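File shown: run-v1.tsv (TSV, C-alpha atoms and all ligand atoms).
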chain	number	residue	atom	x	y	z
A	3	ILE	CA	-30.71	70.73	24.09
A	4	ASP	CA	-27.30	71.81	22.72
A	5	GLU	CA	-25.79	69.68	25.53
A	6	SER	CA	-27.41	66.49	24.22
A	7	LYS	CA	-26.34	67.31	20.67
A	8	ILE	CA	-22.73	67.87	21.72
A	9	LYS	CA	-22.75	64.63	23.73
A	10	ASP	CA	-24.01	62.74	20.68
A	11	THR	CA	-21.25	64.19	18.51
A	12	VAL	CA	-18.52	63.40	21.03
A	13	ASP	CA	-19.83	59.91	21.90
A	14	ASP	CA	-20.06	58.94	18.23
A	15	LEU	CA	-16.44	59.88	17.58
A	16	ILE	CA	-14.81	58.82	20.84
A	17	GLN	CA	-16.29	55.34	21.26
A	18	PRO	CA	-15.06	54.01	17.86
A	19	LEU	CA	-11.72	55.79	18.45
A	20	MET	CA	-11.25	53.98	21.76
A	21	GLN	CA	-12.32	50.65	20.28
A	22	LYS	CA	-9.99	50.65	17.31
A	23	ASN	CA	-6.94	52.00	19.21
A	24	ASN	CA	-7.58	49.91	22.36
A	25	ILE	CA	-7.62	53.05	24.52
A	26	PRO	CA	-8.77	52.13	28.05
A	27	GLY	CA	-9.97	55.53	29.23
A	28	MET	CA	-10.58	59.05	27.98
A	29	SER	CA	-11.96	62.36	29.12
A	30	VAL	CA	-13.12	64.99	26.64
A	31	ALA	CA	-13.89	68.52	27.84
A	32	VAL	CA	-15.56	71.09	25.55
A	33	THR	CA	-16.31	74.77	26.16
A	34	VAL	CA	-18.66	76.86	24.02
A	35	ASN	CA	-21.07	79.79	24.65
A	36	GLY	CA	-19.63	80.13	28.16
A	37	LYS	CA	-20.69	76.60	29.12
A	38	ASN	CA	-18.56	73.56	29.93
A	39	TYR	CA	-19.20	69.95	29.01
A	40	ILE	CA	-17.15	67.05	30.39
A	41	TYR	CA	-17.49	63.51	29.03
A	42	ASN	CA	-15.75	60.52	30.63
A	43	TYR	CA	-15.24	57.12	29.01
A	44	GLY	CA	-13.87	53.78	30.10
A	45	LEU	CA	-11.20	52.91	32.65
A	46	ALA	CA	-8.45	54.83	34.40
A	47	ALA	CA	-6.93	51.49	35.45
A	48	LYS	CA	-7.61	47.95	34.31
A	49	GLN	CA	-6.61	45.84	37.32
A	50	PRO	CA	-7.98	46.55	39.83
A	51	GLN	CA	-10.53	48.22	37.57
A	52	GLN	CA	-11.22	51.95	38.17
A	53	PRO	CA	-13.46	54.16	35.99
A	54	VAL	CA	-12.55	57.53	34.56
A	55	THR	CA	-14.31	60.13	36.74
A	56	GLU	CA	-14.32	63.92	37.07
A	57	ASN	CA	-11.33	63.52	39.39
A	58	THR	CA	-9.15	61.37	37.12
A	59	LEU	CA	-5.64	62.69	36.59
A	60	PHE	CA	-3.91	62.12	33.28
A	61	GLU	CA	-0.32	62.74	32.21
A	62	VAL	CA	-0.26	65.42	29.53
A	63	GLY	CA	3.37	65.21	28.39
A	64	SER	CA	4.38	67.99	26.05
A	65	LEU	CA	1.32	70.08	26.96
A	66	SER	CA	3.49	70.86	29.98
A	67	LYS	CA	5.61	73.11	27.75
A	68	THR	CA	2.84	75.71	27.68
A	69	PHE	CA	3.08	76.08	31.45
A	70	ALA	CA	6.79	76.86	31.16
A	71	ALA	CA	5.84	79.49	28.53
A	72	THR	CA	3.13	80.95	30.75
A	73	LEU	CA	5.68	81.25	33.57
A	74	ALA	CA	8.19	82.96	31.26
A	75	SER	CA	5.48	85.32	30.04
A	76	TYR	CA	4.55	86.11	33.66
A	77	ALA	CA	8.19	86.96	34.35
A	78	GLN	CA	8.25	89.14	31.23
A	79	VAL	CA	5.13	91.16	32.09
A	80	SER	CA	6.44	91.46	35.68
A	81	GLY	CA	9.61	93.15	34.40
A	82	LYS	CA	11.91	90.30	35.45
A	83	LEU	CA	12.74	88.77	32.06
A	84	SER	CA	13.53	90.19	28.60
A	85	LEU	CA	12.94	87.64	25.84
A	86	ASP	CA	15.45	89.22	23.49
A	87	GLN	CA	18.33	88.90	25.99
A	88	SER	CA	20.76	86.01	25.63
A	89	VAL	CA	20.47	82.79	27.62
A	90	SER	CA	23.94	83.39	29.06
A	91	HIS	CA	22.78	86.81	30.35
A	92	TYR	CA	20.52	84.88	32.75
A	93	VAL	CA	22.72	81.78	33.20
A	94	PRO	CA	26.21	83.14	34.00
A	95	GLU	CA	27.86	79.71	33.89
A	96	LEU	CA	27.11	79.65	30.13
A	97	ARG	CA	28.83	82.97	29.42
A	98	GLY	CA	31.39	82.49	26.68
A	99	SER	CA	29.54	79.52	25.16
A	100	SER	CA	27.16	79.25	22.20
A	101	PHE	CA	24.46	80.59	24.49
A	102	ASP	CA	25.95	84.06	24.13
A	103	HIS	CA	24.16	84.04	20.74
A	104	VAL	CA	20.93	82.23	21.72
A	105	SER	CA	18.08	84.38	23.00
A	106	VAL	CA	15.51	83.43	25.60
A	107	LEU	CA	12.98	83.87	22.79
A	108	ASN	CA	14.91	81.27	20.81
A	109	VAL	CA	14.48	78.63	23.51
A	110	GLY	CA	10.84	79.67	23.93
A	111	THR	CA	10.12	79.15	20.21
A	112	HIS	CA	12.21	76.03	19.42
A	113	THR	CA	14.65	78.11	17.36
A	114	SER	CA	17.87	77.61	19.38
A	115	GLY	CA	18.89	74.45	17.53
A	116	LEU	CA	18.97	72.26	20.64
A	117	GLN	CA	17.91	68.70	19.92
A	118	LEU	CA	14.59	67.07	20.79
A	119	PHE	CA	15.64	64.85	23.71
A	120	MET	CA	17.90	65.38	26.69
A	121	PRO	CA	20.96	63.10	26.37
A	122	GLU	CA	20.08	60.03	28.41
A	123	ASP	CA	23.33	60.10	30.42
A	124	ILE	CA	22.67	63.59	31.85
A	125	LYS	CA	21.46	63.08	35.44
A	126	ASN	CA	22.46	66.20	37.40
A	127	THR	CA	23.07	69.90	36.97
A	128	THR	CA	26.85	69.46	36.68
A	129	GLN	CA	26.46	67.11	33.72
A	130	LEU	CA	23.81	69.39	32.19
A	131	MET	CA	26.04	72.47	32.35
A	132	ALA	CA	29.02	70.61	30.89
A	133	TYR	CA	26.86	69.57	27.94
A	134	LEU	CA	25.47	73.05	27.37
A	135	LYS	CA	28.92	74.69	27.59
A	136	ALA	CA	30.22	72.33	24.89
A	137	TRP	CA	27.16	72.49	22.63
A	138	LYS	CA	27.16	74.21	19.23
A	139	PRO	CA	24.12	74.37	16.92
A	140	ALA	CA	24.33	73.18	13.33
A	141	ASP	CA	22.76	76.45	12.12
A	142	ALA	CA	22.71	79.90	13.64
A	143	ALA	CA	20.12	80.36	16.36
A	144	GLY	CA	16.98	81.92	14.91
A	145	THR	CA	17.14	80.29	11.47
A	146	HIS	CA	15.51	76.88	11.93
A	147	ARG	CA	12.86	75.29	14.11
A	148	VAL	CA	13.79	72.13	16.01
A	149	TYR	CA	11.23	71.18	18.65
A	150	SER	CA	13.23	70.72	21.84
A	151	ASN	CA	12.67	69.48	25.39
A	152	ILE	CA	16.06	70.92	26.33
A	153	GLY	CA	15.19	74.40	25.12
A	154	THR	CA	11.86	74.23	26.96
A	155	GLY	CA	13.72	73.17	30.09
A	156	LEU	CA	15.96	76.24	29.86
A	157	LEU	CA	12.95	78.51	29.30
A	158	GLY	CA	11.30	77.30	32.50
A	159	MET	CA	14.52	77.28	34.53
A	160	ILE	CA	15.31	80.88	33.50
A	161	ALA	CA	11.76	82.07	34.14
A	162	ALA	CA	11.68	80.54	37.62
A	163	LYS	CA	15.06	81.93	38.62
A	164	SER	CA	14.04	85.40	37.45
A	165	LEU	CA	11.05	85.15	39.81
A	166	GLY	CA	13.26	84.03	42.71
A	167	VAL	CA	11.91	80.47	43.09
A	168	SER	CA	12.44	76.92	41.90
A	169	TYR	CA	10.40	75.83	38.88
A	170	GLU	CA	8.47	73.39	41.06
A	171	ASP	CA	7.53	76.15	43.53
A	172	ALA	CA	6.74	78.54	40.67
A	173	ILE	CA	4.24	76.10	39.17
A	174	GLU	CA	2.73	74.41	42.22
A	175	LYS	CA	2.75	77.33	44.68
A	176	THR	CA	2.02	80.28	42.35
A	177	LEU	CA	0.93	79.55	38.77
A	178	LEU	CA	-1.52	76.68	39.17
A	179	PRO	CA	-3.13	78.09	42.35
A	180	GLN	CA	-3.61	81.53	40.74
A	181	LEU	CA	-5.25	79.88	37.72
A	182	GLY	CA	-7.62	77.97	40.02
A	183	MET	CA	-6.15	74.64	38.89
A	184	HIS	CA	-6.27	72.88	42.24
A	185	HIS	CA	-6.12	69.33	40.81
A	186	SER	CA	-3.07	69.89	38.65
A	187	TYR	CA	0.34	68.74	39.83
A	188	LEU	CA	3.96	68.14	39.03
A	189	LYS	CA	4.04	65.64	41.91
A	190	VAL	CA	0.73	63.94	42.69
A	191	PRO	CA	0.05	63.95	46.46
A	192	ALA	CA	-0.90	60.87	48.45
A	193	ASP	CA	-4.65	61.73	48.67
A	194	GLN	CA	-4.83	61.96	44.87
A	195	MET	CA	-2.91	58.80	43.96
A	196	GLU	CA	-6.19	56.86	43.79
A	197	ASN	CA	-7.25	59.28	41.02
A	198	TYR	CA	-4.03	59.07	39.00
A	199	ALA	CA	-4.82	56.98	35.93
A	200	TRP	CA	-2.36	54.37	34.75
A	201	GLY	CA	-0.99	54.81	31.25
A	202	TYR	CA	-0.85	51.80	28.91
A	203	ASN	CA	2.24	51.58	26.71
A	204	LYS	CA	2.71	49.88	23.32
A	205	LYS	CA	2.89	46.48	25.05
A	206	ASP	CA	-0.25	47.35	27.07
A	207	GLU	CA	1.75	47.51	30.34
A	208	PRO	CA	0.62	50.03	33.02
A	209	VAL	CA	3.14	52.85	33.34
A	210	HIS	CA	3.70	56.26	34.93
A	211	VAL	CA	6.14	58.84	33.61
A	212	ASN	CA	9.67	58.89	35.03
A	213	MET	CA	10.70	62.45	35.90
A	214	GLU	CA	14.30	63.26	34.94
A	215	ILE	CA	16.35	66.46	34.84
A	216	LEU	CA	14.44	69.51	33.52
A	217	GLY	CA	11.52	67.11	33.05
A	218	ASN	CA	8.97	69.13	34.98
A	219	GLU	CA	9.36	71.98	32.51
A	220	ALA	CA	8.91	69.79	29.43
A	221	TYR	CA	6.57	66.93	30.39
A	222	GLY	CA	5.74	66.97	34.12
A	223	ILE	CA	2.07	68.01	34.44
A	224	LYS	CA	-0.68	65.63	35.65
A	225	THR	CA	-4.15	67.16	35.58
A	226	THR	CA	-7.88	66.64	35.15
A	227	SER	CA	-9.75	67.54	32.00
A	228	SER	CA	-11.75	70.03	34.09
A	229	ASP	CA	-8.62	71.85	35.22
A	230	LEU	CA	-7.28	71.96	31.66
A	231	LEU	CA	-10.59	73.33	30.41
A	232	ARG	CA	-10.21	76.10	33.01
A	233	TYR	CA	-6.76	76.75	31.54
A	234	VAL	CA	-8.28	77.00	28.05
A	235	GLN	CA	-10.96	79.41	29.32
A	236	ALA	CA	-8.32	81.52	31.04
A	237	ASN	CA	-6.38	81.65	27.76
A	238	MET	CA	-9.55	83.07	26.15
A	239	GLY	CA	-10.06	85.68	28.88
A	240	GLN	CA	-13.32	84.15	30.04
A	241	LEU	CA	-12.53	83.96	33.77
A	242	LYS	CA	-12.02	86.57	36.48
A	243	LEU	CA	-8.94	84.84	38.03
A	247	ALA	CA	-4.19	91.50	36.18
A	248	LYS	CA	-0.67	90.25	35.50
A	249	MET	CA	-1.80	86.64	35.12
A	250	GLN	CA	-4.27	87.43	32.34
A	251	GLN	CA	-1.64	89.55	30.59
A	252	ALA	CA	0.84	86.68	30.87
A	253	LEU	CA	-1.56	84.08	29.45
A	254	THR	CA	-2.56	86.26	26.51
A	255	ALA	CA	1.02	87.24	25.68
A	256	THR	CA	2.02	83.59	25.18
A	257	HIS	CA	-0.10	83.73	21.99
A	258	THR	CA	2.23	86.31	20.41
A	259	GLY	CA	3.41	85.01	17.03
A	260	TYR	CA	7.20	85.04	16.66
A	261	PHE	CA	8.13	82.75	13.75
A	262	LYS	CA	6.55	81.22	10.68
A	263	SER	CA	7.45	77.64	9.87
A	264	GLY	CA	5.63	75.52	7.33
A	265	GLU	CA	1.90	75.84	7.95
A	266	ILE	CA	2.15	77.13	11.52
A	267	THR	CA	2.91	80.28	13.42
A	268	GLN	CA	5.10	79.51	16.42
A	269	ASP	CA	4.05	81.43	19.54
A	270	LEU	CA	5.65	81.05	22.99
A	271	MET	CA	5.32	77.24	22.97
A	272	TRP	CA	1.74	77.42	21.68
A	273	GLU	CA	1.34	76.90	17.93
A	274	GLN	CA	-1.38	78.46	15.81
A	275	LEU	CA	-3.02	78.12	12.41
A	276	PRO	CA	-5.35	80.37	10.44
A	277	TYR	CA	-9.05	80.16	11.23
A	278	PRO	CA	-11.20	78.91	9.46
A	279	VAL	CA	-8.88	75.96	9.62
A	280	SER	CA	-7.99	73.61	6.80
A	281	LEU	CA	-7.88	70.03	8.12
A	282	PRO	CA	-5.03	69.12	5.71
A	283	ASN	CA	-3.00	72.08	6.95
A	284	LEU	CA	-3.84	71.29	10.59
A	285	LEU	CA	-2.54	67.74	10.09
A	286	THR	CA	0.65	69.00	8.43
A	287	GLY	CA	1.13	71.58	11.17
A	288	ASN	CA	0.87	68.85	13.81
A	289	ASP	CA	3.56	66.71	12.19
A	290	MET	CA	6.55	68.92	13.04
A	291	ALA	CA	7.93	67.52	16.27
A	292	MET	CA	10.85	65.43	15.04
A	293	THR	CA	12.29	67.18	11.98
A	294	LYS	CA	14.10	70.45	11.37
A	295	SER	CA	12.29	73.13	9.38
A	296	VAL	CA	13.15	76.61	8.18
A	297	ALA	CA	11.96	79.37	10.52
A	298	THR	CA	11.21	82.93	9.40
A	299	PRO	CA	10.89	85.69	12.03
A	300	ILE	CA	7.74	87.76	12.41
A	301	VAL	CA	9.04	91.22	13.37
A	302	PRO	CA	7.22	93.12	14.78
A	303	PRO	CA	5.73	90.03	16.41
A	304	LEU	CA	2.13	89.26	15.60
A	305	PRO	CA	-0.03	90.36	18.55
A	306	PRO	CA	-2.23	87.71	20.15
A	307	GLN	CA	-5.14	87.13	17.78
A	308	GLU	CA	-8.77	86.10	18.00
A	309	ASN	CA	-9.19	84.72	14.48
A	310	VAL	CA	-6.83	81.75	14.85
A	311	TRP	CA	-6.77	78.08	15.87
A	312	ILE	CA	-4.35	77.71	18.81
A	313	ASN	CA	-3.24	74.21	19.80
A	314	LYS	CA	-0.75	71.89	21.46
A	315	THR	CA	-0.22	68.13	21.46
A	316	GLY	CA	1.29	66.05	24.22
A	317	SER	CA	2.08	62.44	24.97
A	318	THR	CA	4.03	60.17	27.26
A	319	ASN	CA	4.77	56.48	26.88
A	320	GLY	CA	1.35	55.79	28.43
A	321	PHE	CA	-0.79	58.81	27.52
A	322	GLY	CA	-1.98	60.99	24.66
A	323	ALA	CA	-3.40	64.52	24.97
A	324	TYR	CA	-4.50	67.45	22.78
A	325	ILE	CA	-5.78	71.01	23.37
A	326	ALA	CA	-7.24	73.30	20.71
A	327	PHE	CA	-9.19	76.55	20.98
A	328	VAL	CA	-10.42	79.40	18.80
A	329	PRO	CA	-10.67	82.65	20.78
A	330	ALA	CA	-12.92	84.40	18.22
A	331	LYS	CA	-15.54	81.68	18.75
A	332	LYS	CA	-14.87	81.23	22.52
A	333	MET	CA	-14.68	77.51	21.89
A	334	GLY	CA	-12.13	74.95	22.91
A	335	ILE	CA	-11.48	71.28	23.50
A	336	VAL	CA	-9.33	69.10	25.75
A	337	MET	CA	-8.87	65.42	24.89
A	338	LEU	CA	-7.07	63.18	27.40
A	339	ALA	CA	-6.35	59.45	27.02
A	340	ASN	CA	-4.38	56.83	28.93
A	341	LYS	CA	-2.91	55.37	25.78
A	342	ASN	CA	-0.66	57.18	23.31
A	343	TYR	CA	-2.46	57.07	19.95
A	344	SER	CA	-1.58	58.92	16.77
A	345	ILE	CA	-1.66	62.72	16.61
A	346	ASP	CA	-3.51	62.69	13.28
A	347	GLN	CA	-6.43	60.94	14.98
A	348	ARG	CA	-6.46	63.35	17.94
A	349	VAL	CA	-6.47	66.38	15.66
A	350	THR	CA	-9.09	64.94	13.31
A	351	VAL	CA	-11.51	64.14	16.15
A	352	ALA	CA	-11.00	67.60	17.64
A	353	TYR	CA	-11.57	69.25	14.27
A	354	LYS	CA	-14.79	67.28	13.79
A	355	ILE	CA	-16.10	68.17	17.27
A	356	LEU	CA	-15.38	71.91	17.06
A	357	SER	CA	-16.66	72.05	13.45
A	358	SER	CA	-19.99	70.60	14.64
A	359	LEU	CA	-20.59	73.57	16.97
B	1	LIG	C1	6.44	62.42	18.09
B	1	LIG	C2	6.58	63.02	19.27
B	1	LIG	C3	5.98	64.43	19.57
B	1	LIG	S1	6.63	65.16	20.94
B	1	LIG	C4	6.31	64.14	22.25
B	1	LIG	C5	6.76	64.78	23.64
B	1	LIG	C6	5.61	65.69	24.05
B	1	LIG	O1	4.53	65.19	24.22
B	1	LIG	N1	6.94	63.66	24.57
B	1	LIG	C7	6.91	63.86	26.03
B	1	LIG	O2	6.69	64.93	26.47
B	1	LIG	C8	7.10	62.66	26.96
B	1	LIG	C9	8.58	62.17	26.82
B	1	LIG	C10	9.06	60.85	26.39
B	1	LIG	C11	10.67	60.87	26.41
B	1	LIG	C12	11.10	62.18	26.82
B	1	LIG	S2	9.82	63.06	27.08
B	1	LIG	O3	7.92	65.52	23.60
B	1	LIG	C13	9.14	64.79	23.47
B	1	LIG	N2	7.00	62.85	22.14
B	1	LIG	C14	7.16	62.20	20.71
B	1	LIG	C15	7.78	60.82	20.62
B	1	LIG	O4	7.46	60.04	19.65
B	1	LIG	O5	8.59	60.46	21.52

Using structure tokens, write down the structure that the file contains.
Ligand SMILES: C=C1CS[C@H]([C@@](C=O)(NC(=O)Cc2cccs2)OC)N=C1C(=O)O
Amino acid sequence: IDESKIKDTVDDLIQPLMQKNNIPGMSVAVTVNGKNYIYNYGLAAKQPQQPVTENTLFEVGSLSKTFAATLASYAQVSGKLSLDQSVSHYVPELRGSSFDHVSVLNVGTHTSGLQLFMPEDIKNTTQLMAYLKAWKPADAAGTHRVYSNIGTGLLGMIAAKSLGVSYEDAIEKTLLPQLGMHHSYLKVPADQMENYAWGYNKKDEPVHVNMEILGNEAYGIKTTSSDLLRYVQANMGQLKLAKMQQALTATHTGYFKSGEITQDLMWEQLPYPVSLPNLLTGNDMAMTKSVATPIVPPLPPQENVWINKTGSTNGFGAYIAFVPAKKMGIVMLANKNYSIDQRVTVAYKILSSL
């Protein structure tokens, strides 16, 4: 009977949300009391029409950053990576540059000072390294938070190299298989292309994300809501799957305070019980610089917190939130990018109903 009540709550919020934002398709996955509920709505593609099903793959954009963090954490608990070491310690071509004074932790917490977007002209590793060797932050690393795809890219690159593999092999051959996420990909295979939803951009054109340099680390994941709910459950220790569980949990370590949030290793967290005003403010930090204050010793992974991450691409919008103390979590996937405040408000209303 709790299943029907949850479905009513979700239906009543998602259907008006899709109508007013012209979202073609959504999947919403909820976990509570050890049980999983998956609700699918609308169309994965308009023409030819295809419904959202249990197998539908969505782009998740910036949610991909948490997989780079999980990989770095795995390297750390495996003794291959020290987060307090400098980036140039692991990337010898950057020795003598600004990255002598940037830690791996800094790129894992958006405190290096690197900008949000990769310069558009950077196509290959030679161009990337020339940019990084010439780069200087406006403030000292560790003093401000600037959300960065470039920093995330370095975090994943360094983690993979420390494990002896490419980032693509690290994710698709080790991390996702060991998490049981068998319908999660950086590159969708031919037998799954029929399941890969189209995204609909601001002009309502069908689009798929273009993968550029260090893009897999920052925005490359395509996945089902069921696989992401497994990822949420693994982050709450609910699944058998010991290094992997240690790695997942350690990504929730709190390293910096900024505004309303605690910045973990890519994950962000808020106090629980959660204030909706503070949750909205905390999810409006992607494009501006803020002051960052270190938490030292770091805050251990907590139960009594709201942990979350947003993601989008030109054609998709995604959100994950979970509260370990209540073993509850939510995944919301859509094939239109609609505003973060609406994602977070719907998620807050669903989890508050439980
Ligand atoms: C406001 C934000 C939050 S942050 C988000 C995000 C992660 O979701 N976009 C992507 O991952 C997909 C990419 C598009 C171009 C390079 S990447 O990070 C840039 N984008 C934006 C944006 O308005 O562009």

query: Counting all atoms listed in the file, what residues are within 7 Å of ligand LIG 1 (chain B), given as a list in words?
result: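 Selection of residues at most 7 Å from ligand LIG 1 (chain B): residues 63, 64, 65, 118, 119, 151, 220, 221, 291, 292, 315, 316, 317, 318 and 319 of chain A.
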
Using 8 Å as the limit and counting all atoms listed in the file, can you tabulate each residue of range 224-271 of chain A that touches range 72-78 of chain A, with its shortest atom-to-atom distance in Å and the two atoms involved, as CSV?
residue,atom,partner,partner_atom,distance
A:248,CA,A:76,CA,6.9
A:249,CA,A:76,CA,6.5
A:251,CA,A:76,CA,7.7
A:252,CA,A:76,CA,4.7
A:253,CA,A:72,CA,5.8
A:255,CA,A:75,CA,6.5
A:256,CA,A:75,CA,6.2

- request: Would you mind telling me which residue in A:31, A:107, A:296, A:323 lies nearest to residue 338 in chain A when using all atoms listed in the file?
  value: A:323

task: Point out the residue among A:237, A:114, A:347, A:49 with the least atom-to-atom distance to residue 208 in chain A, counting only C-alpha atoms.
output: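 Selected residue with least distance to residue 208 in chain A: A:49.
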
- prompt: Between A:342, A:254, A:225, A:286, which one has atoms that come closest to residue 57 in chain A, using all atoms listed in the file?
  reply: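 When distances to residue 57 in chain A are compared using all atoms listed in the file, the smallest one comes from A:225.
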
message: When you count all atoms listed in the file, which of these residues is closest to residue 218 in chain A: A:7, A:91, A:189, A:147?
response: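 Ranking A:7, A:91, A:189, A:147 by distance to residue 218 in chain A, first place goes to A:189.
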
Atom-to-atom span, CA of residue 184 in chain A and CA of residue 229 in chain A, Å: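 It comes out at 7.5 Å.
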
- prompt: Smallest atom-to-atom distance to residue 250 in chain A: which of A:325, A:80, A:92, A:336, using all atoms listed in the file?
  reply: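 The shortest atom-to-atom distance to residue 250 in chain A comes from A:80.
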
- prompt: How far is it from CA of residue 224 in chain A to CA of residue 186 in chain A, in Å with one decimal?
  reply: 5.7 Å

query: Skipping near chain neighbours, those fewer than 4 positions away, what residues fall within 9 Å of residue 276 in chain A using all atoms listed in the file, listed as a PyMOL selection string?
result: chain A and resi 265-267+280+309-312

From A:3, A:281, A:40, A:339, residue lying nearest residue 203 in chain A [all atoms listed in the file]: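 Of the candidates, the smallest distance to residue 203 in chain A is held by A:339.
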
query: What is the CA of residue 282 in chain A-CA of residue 17 in chain A distance in Å, reported with one decimal?
result: 23.6 Å

I'd like the contact shell of range 101-106 of chain A - 9 Å cut-off, all atoms listed in the file, skipping same-chain residues fewer than 2 positions apart - returned as an mmCIF file with C-alpha atoms, in the frame of the given file.
data_model
loop_
_atom_site.group_PDB
_atom_site.id
_atom_site.type_symbol
_atom_site.label_atom_id
_atom_site.label_comp_id
_atom_site.auth_asym_id
_atom_site.auth_seq_id
_atom_site.Cartn_x
_atom_site.Cartn_y
_atom_site.Cartn_z
ATOM 1 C CA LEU A 83 12.740 88.770 32.060
ATOM 2 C CA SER A 84 13.530 90.190 28.600
ATOM 3 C CA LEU A 85 12.940 87.640 25.840
ATOM 4 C CA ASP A 86 15.450 89.220 23.490
ATOM 5 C CA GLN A 87 18.330 88.900 25.990
ATOM 6 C CA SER A 88 20.760 86.010 25.630
ATOM 7 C CA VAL A 89 20.470 82.790 27.620
ATOM 8 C CA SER A 90 23.940 83.390 29.060
ATOM 9 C CA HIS A 91 22.780 86.810 30.350
ATOM 10 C CA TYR A 92 20.520 84.880 32.750
ATOM 11 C CA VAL A 93 22.720 81.780 33.200
ATOM 12 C CA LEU A 96 27.110 79.650 30.130
ATOM 13 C CA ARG A 97 28.830 82.970 29.420
ATOM 14 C CA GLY A 98 31.390 82.490 26.680
ATOM 15 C CA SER A 99 29.540 79.520 25.160
ATOM 16 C CA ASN A 108 14.910 81.270 20.810
ATOM 17 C CA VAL A 109 14.480 78.630 23.510
ATOM 18 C CA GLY A 110 10.840 79.670 23.930
ATOM 19 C CA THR A 111 10.120 79.150 20.210
ATOM 20 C CA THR A 113 14.650 78.110 17.360
ATOM 21 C CA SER A 114 17.870 77.610 19.380
ATOM 22 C CA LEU A 134 25.470 73.050 27.370
ATOM 23 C CA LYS A 135 28.920 74.690 27.590
ATOM 24 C CA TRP A 137 27.160 72.490 22.630
ATOM 25 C CA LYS A 138 27.160 74.210 19.230
ATOM 26 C CA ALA A 142 22.710 79.900 13.640
ATOM 27 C CA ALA A 143 20.120 80.360 16.360
ATOM 28 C CA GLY A 144 16.980 81.920 14.910
ATOM 29 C CA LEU A 156 15.960 76.240 29.860
ATOM 30 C CA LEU A 157 12.950 78.510 29.300
ATOM 31 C CA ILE A 160 15.310 80.880 33.500
#

Axis-aligned box over every listed atom of range 300-313 of chain A, padded by 4 Å per side: centre and edges in Å to one decimal, as JSON?
{"center_x": -0.1, "center_y": 83.7, "center_z": 16.3, "size_x": 26.2, "size_y": 26.9, "size_z": 15.7}

Test item: residues at most 12 Å from residue 278 in chain A, only C-alpha atoms, excluding those fewer than 3 positions along its chain, as a compact mmCIF listing (two decimals) with C-alpha atoms, in the coordinates of the input:
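Once everything was written out, this is selection13.txt:
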# COMPACT_ATOMS: atom_id res chain seq x y z
CA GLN A 274 -1.38 78.46 15.81
CA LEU A 275 -3.02 78.12 12.41
CA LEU A 281 -7.88 70.03 8.12
CA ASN A 283 -3.00 72.08 6.95
CA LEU A 284 -3.84 71.29 10.59
CA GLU A 308 -8.77 86.10 18.00
CA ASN A 309 -9.19 84.72 14.48
CA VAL A 310 -6.83 81.75 14.85
CA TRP A 311 -6.77 78.08 15.87
CA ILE A 312 -4.35 77.71 18.81
CA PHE A 327 -9.19 76.55 20.98
CA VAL A 328 -10.42 79.40 18.80
CA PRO A 329 -10.67 82.65 20.78
CA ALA A 330 -12.92 84.40 18.22
CA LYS A 331 -15.54 81.68 18.75
CA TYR A 353 -11.57 69.25 14.27
CA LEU A 356 -15.38 71.91 17.06
CA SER A 357 -16.66 72.05 13.45

message: Set the distance at 12 Å and use only C-alpha atoms: which residues neighbour residue 24 in chain A once local chain neighbours fewer than 6 positions away are removed? I'd like the list as a list in words.
response: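 Listed by chain and then number, they are residues 16, 17, 18, 44, 45, 202, 203, 204, 205, 206, 339, 340, 341, 342 and 343 of chain A.
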
message: as an MDAnalysis selection string, please: the residues near residue 127 in chain A (cut-off 12 Å, all atoms listed in the file, same-chain neighbours under 2 positions excluded).
response: chainID A and resid 95 123:125 129:134 156 159 214:216
